[PDB]
Amino acid sequence: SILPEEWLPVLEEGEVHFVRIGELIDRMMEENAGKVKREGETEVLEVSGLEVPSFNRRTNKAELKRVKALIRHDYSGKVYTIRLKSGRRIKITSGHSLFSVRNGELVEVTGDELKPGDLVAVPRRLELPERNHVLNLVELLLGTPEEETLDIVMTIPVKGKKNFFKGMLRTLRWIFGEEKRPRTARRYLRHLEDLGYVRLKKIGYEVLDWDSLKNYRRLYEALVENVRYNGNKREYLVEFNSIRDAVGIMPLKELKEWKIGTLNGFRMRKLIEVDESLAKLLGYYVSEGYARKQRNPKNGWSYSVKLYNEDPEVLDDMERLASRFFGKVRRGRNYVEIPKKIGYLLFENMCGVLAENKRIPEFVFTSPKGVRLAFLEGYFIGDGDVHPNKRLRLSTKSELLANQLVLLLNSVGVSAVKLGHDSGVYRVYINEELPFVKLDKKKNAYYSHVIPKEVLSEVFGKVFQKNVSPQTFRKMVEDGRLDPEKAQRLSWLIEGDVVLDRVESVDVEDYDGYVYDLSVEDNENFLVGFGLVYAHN
């Protein structure tokens, strides 16, 4: 079984989240108490909607799988913290199995069996889904403290909507039988049909969804009561907070027409399509971005976002990207500033404010590779890791970020990764080429670009000078240096999506508490631990 605090990458409805397995399993069981069957000390809760990354037991390739159930045993015994030479770490009970090698094949080795030196399976790359994402600033802000969206408003041109609100309400009230049929009735009944609520008929109409109409009415009731007119710009206005408890009802069809921001400041389009510029912009922020709130004039609240960097070229690119989504921007000595409330809000909720809370936005993990790489590039460049003379060294105070980076890298084919945490800081080391950074993996190679000599030794019965890269392995096969028939025993290691990391230390403790586990469809395994480690379900 896995311990409570162990991180676990999971996918829900197509999105990737990092959760502490205990928190996930405890929360689920509490909200589904009834369905939780129990056989003494064990508690099993079948579920759907969850998916975890695993590897095919036969081909060993990366593939996502359904999580059949969540399990919880009350445990009293020994727990082992397994530390890999790569930096990965995983704490498990004595009978939990991880994957090691025995005679060229992947076998299971229990926690109470693992010793320093043993080879442990770990990801070479991951196969996460790919889709285009669309940000929704409304939902985003609805997840924000009202005290932070005080000056936020939602404007809309008065053009085609001459008194639309009060006019729609009247039709609704009429629909609910509280008024005589309005004069502009059909101009609205169509819109409703367009939204799917009503079925316009030759003669009158037929209400399709009362419950929905009720919320829609509730929405317009809120609009009429709060929408003001701004003679100045000829548009309708609404203070966000005044309709927070209803705006979420606004159908997307209608949302498109609105804008959101401040009255005398930057106004944004509510629905944003995630593209590479945005991702790379966010990358810049996650690494070198600082969001501030200083008091100013009437002591208390001018918001801004600065993107630091000591090199002109970079600052030029940030300035280019920042202004690409937030209009006019301010250049500085060593930074680029976006002094806009809604930009500040967007970045705050997307990536976090404090360094130790910085994080990769969720949509990045399952976006097309072009976008994942765009983010990574914005992050690396900003962090100043584009001109290396050896392996890169990324530092963060956010352990979430460290884990996310590792998963994001794996998802784009980078496997030569290492970890560390030394003094309130997490480090992610990378020793292999990236489309935007040249690095020689052959030089001081990492475990991922090497076939353990014990494995070769065992499989081929020969004794090997040193370690061979998978590249030099394929070659030795093609010109008889390696027996091709024996060599096939390792096709899973050369052809699969797994590499062998090695146990450095093992710590044993006595534990009294809840331990967890999962049941994974088909493969019966999943990723857990700091840095991601394959564990048998």
# chains A, B, ... in the order shown; residues from 1 in each chain; ligands from 1
$ select_by_dssp --residues "stretch 361-407 of chain A" --states "alpha helix (DSSP H)" --output "MDAnalysis selection string"
chainID A and resid 362:365 369:383 399:407
$ residues_around --residues "residue A:271" --least-positions-apart "4" --cutoff "9 Å" --atoms "only C-alpha atoms" --output "count of residues only"
8
$ atom_distance --atom1 "atom CA of residue A:340" --atom2 "atom CA of residue A:267"
9.1 Å
$ atom_distance --atom1 "atom CA of residue A:429" --atom2 "atom CA of residue A:122"
16.0 Å
$ atom_distance --atom1 "atom CA of residue A:342" --atom2 "atom CA of residue A:250"
19.8 Å
$ residues_around --residues "residue A:443" --least-positions-apart "3" --cutoff "12 Å" --atoms "only C-alpha atoms" --output "list in words"
residues 389, 390, 391, 416, 431, 432, 433, 439, 440, 446, 449, 450 and 469 of chain A
$ residues_around --residues "stretch 309-322 of chain A" --least-positions-apart "5" --cutoff "8 Å" --atoms "only C-alpha atoms" --output "PDB file with N, CA, C and O atoms, in the first residue's frame"
ATOM      1  N   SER A 277       1.386  31.305 -27.973  1.00  0.00           N
ATOM      2  CA  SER A 277       1.838  32.591 -27.450  1.00  0.00           C
ATOM      3  C   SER A 277       1.444  32.686 -25.983  1.00  0.00           C
ATOM      4  O   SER A 277       2.254  33.074 -25.133  1.00  0.00           O
ATOM      5  N   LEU A 278       0.193  32.325 -25.692  1.00  0.00           N
ATOM      6  CA  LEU A 278      -0.321  32.375 -24.329  1.00  0.00           C
ATOM      7  C   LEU A 278       0.496  31.461 -23.424  1.00  0.00           C
ATOM      8  O   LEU A 278       0.959  31.879 -22.365  1.00  0.00           O
ATOM      9  N   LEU A 281       3.783  32.789 -22.764  1.00  0.00           N
ATOM     10  CA  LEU A 281       3.657  33.979 -21.927  1.00  0.00           C
ATOM     11  C   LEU A 281       3.563  33.500 -20.489  1.00  0.00           C
ATOM     12  O   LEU A 281       4.269  33.979 -19.606  1.00  0.00           O
ATOM     13  N   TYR A 284       6.763  32.445 -19.038  1.00  0.00           N
ATOM     14  CA  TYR A 284       7.557  33.572 -18.565  1.00  0.00           C
ATOM     15  C   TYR A 284       7.137  33.962 -17.161  1.00  0.00           C
ATOM     16  O   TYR A 284       7.984  34.235 -16.307  1.00  0.00           O
ATOM     17  N   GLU A 288       9.771  33.902 -14.159  1.00  0.00           N
ATOM     18  CA  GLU A 288      10.215  35.233 -13.751  1.00  0.00           C
ATOM     19  C   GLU A 288       9.117  36.253 -13.466  1.00  0.00           C
ATOM     20  O   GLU A 288       9.383  37.451 -13.436  1.00  0.00           O
ATOM     21  N   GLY A 327      -2.726  44.536 -24.601  1.00  0.00           N
ATOM     22  CA  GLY A 327      -2.500  45.864 -25.161  1.00  0.00           C
ATOM     23  C   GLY A 327      -1.245  46.581 -24.683  1.00  0.00           C
ATOM     24  O   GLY A 327      -0.209  45.956 -24.458  1.00  0.00           O
ATOM     25  N   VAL A 329       1.758  48.076 -22.814  1.00  0.00           N
ATOM     26  CA  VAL A 329       2.514  47.538 -21.696  1.00  0.00           C
ATOM     27  C   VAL A 329       3.669  48.484 -21.329  1.00  0.00           C
ATOM     28  O   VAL A 329       4.034  49.348 -22.123  1.00  0.00           O
ATOM     29  N   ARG A 330       4.231  48.337 -20.131  1.00  0.00           N
ATOM     30  CA  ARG A 330       5.337  49.194 -19.701  1.00  0.00           C
ATOM     31  C   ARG A 330       6.688  48.492 -19.666  1.00  0.00           C
ATOM     32  O   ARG A 330       6.866  47.479 -18.984  1.00  0.00           O
ATOM     33  N   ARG A 331       7.645  49.046 -20.403  1.00  0.00           N
ATOM     34  CA  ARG A 331       8.986  48.491 -20.435  1.00  0.00           C
ATOM     35  C   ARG A 331       9.716  49.068 -19.236  1.00  0.00           C
ATOM     36  O   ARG A 331       9.400  50.167 -18.784  1.00  0.00           O
ATOM     37  N   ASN A 334      14.821  46.335 -16.010  1.00  0.00           N
ATOM     38  CA  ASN A 334      15.005  44.896 -16.098  1.00  0.00           C
ATOM     39  C   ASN A 334      13.674  44.176 -15.937  1.00  0.00           C
ATOM     40  O   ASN A 334      13.557  43.262 -15.118  1.00  0.00           O
ATOM     41  N   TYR A 335      12.671  44.582 -16.712  1.00  0.00           N
ATOM     42  CA  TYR A 335      11.360  43.945 -16.614  1.00  0.00           C
ATOM     43  C   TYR A 335      10.328  44.490 -17.593  1.00  0.00           C
ATOM     44  O   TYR A 335      10.578  45.458 -18.307  1.00  0.00           O
ATOM     45  N   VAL A 336       9.162  43.851 -17.604  1.00  0.00           N
ATOM     46  CA  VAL A 336       8.030  44.241 -18.442  1.00  0.00           C
ATOM     47  C   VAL A 336       6.830  44.225 -17.498  1.00  0.00           C
ATOM     48  O   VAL A 336       6.586  43.228 -16.818  1.00  0.00           O
ATOM     49  N   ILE A 338       2.656  44.745 -16.714  1.00  0.00           N
ATOM     50  CA  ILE A 338       1.276  44.768 -17.176  1.00  0.00           C
ATOM     51  C   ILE A 338       0.549  45.292 -15.936  1.00  0.00           C
ATOM     52  O   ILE A 338       0.288  44.539 -14.993  1.00  0.00           O
ATOM     53  N   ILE A 381      13.724  29.772 -20.831  1.00  0.00           N
ATOM     54  CA  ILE A 381      14.305  31.046 -21.223  1.00  0.00           C
ATOM     55  C   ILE A 381      14.265  32.055 -20.074  1.00  0.00           C
ATOM     56  O   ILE A 381      15.295  32.583 -19.658  1.00  0.00           O
ATOM     57  N   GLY A 382      13.070  32.321 -19.568  1.00  0.00           N
ATOM     58  CA  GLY A 382      12.932  33.262 -18.473  1.00  0.00           C
ATOM     59  C   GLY A 382      13.835  32.912 -17.308  1.00  0.00           C
ATOM     60  O   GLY A 382      14.504  33.783 -16.742  1.00  0.00           O
TER      61      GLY A 382
END
$ closest_residue --among "A:422, A:118, A:23, A:108" --to "residue A:57" --atoms "only C-alpha atoms"
A:108
$ residues_around --residues "residue A:91" --least-positions-apart "3" --cutoff "8 Å" --atoms "only C-alpha atoms" --output "PDB file with C-alpha atoms, in the first residue's frame"
ATOM      1  CA  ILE A   2       1.032   3.620  -0.593  1.00  0.00           C
ATOM      2  CA  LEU A   3       1.366   6.147   2.212  1.00  0.00           C
ATOM      3  CA  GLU A   6       2.447  10.428  -1.642  1.00  0.00           C
ATOM      4  CA  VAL A  79       6.914   1.464   5.964  1.00  0.00           C
ATOM      5  CA  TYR A  80       9.829   1.912   3.575  1.00  0.00           C
ATOM      6  CA  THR A  81      10.928   5.194   2.022  1.00  0.00           C
ATOM      7  CA  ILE A  82      12.659   4.307  -1.245  1.00  0.00           C
ATOM      8  CA  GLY A 529       6.129   9.360  -5.583  1.00  0.00           C
TER       9      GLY A 529
END
$ residues_around --residues "residue A:69" --least-positions-apart "6" --cutoff "10 Å" --atoms "only C-alpha atoms" --output "short mmCIF file (atom, residue, chain, number, x, y, z; two decimals) with C-alpha atoms, in the first residue's frame"
data_model
loop_
_atom_site.label_atom_id
_atom_site.label_comp_id
_atom_site.auth_asym_id
_atom_site.auth_seq_id
_atom_site.Cartn_x
_atom_site.Cartn_y
_atom_site.Cartn_z
CA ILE A 25 -9.13 8.64 -1.35
CA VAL A 44 -13.18 -0.38 -1.17
CA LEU A 45 -14.93 2.35 -3.20
CA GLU A 46 -15.60 1.59 -6.85
CA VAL A 47 -15.43 4.70 -9.00
CA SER A 48 -15.49 6.01 -12.55
CA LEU A 50 -10.63 8.67 -12.87
CA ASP A 517 -4.08 1.71 -2.99
CA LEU A 518 -5.77 1.71 -6.40
CA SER A 519 -7.15 -0.88 -8.76
CA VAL A 520 -6.16 -0.02 -12.31
CA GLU A 521 -7.83 -1.54 -15.36
#
$ closest_residue --among "A:369, A:38, A:453, A:85" --to "residue A:412" --atoms "only C-alpha atoms"
A:369
$ closest_residue --among "A:244, A:156, A:210, A:178" --to "residue A:230" --atoms "only C-alpha atoms"
A:156
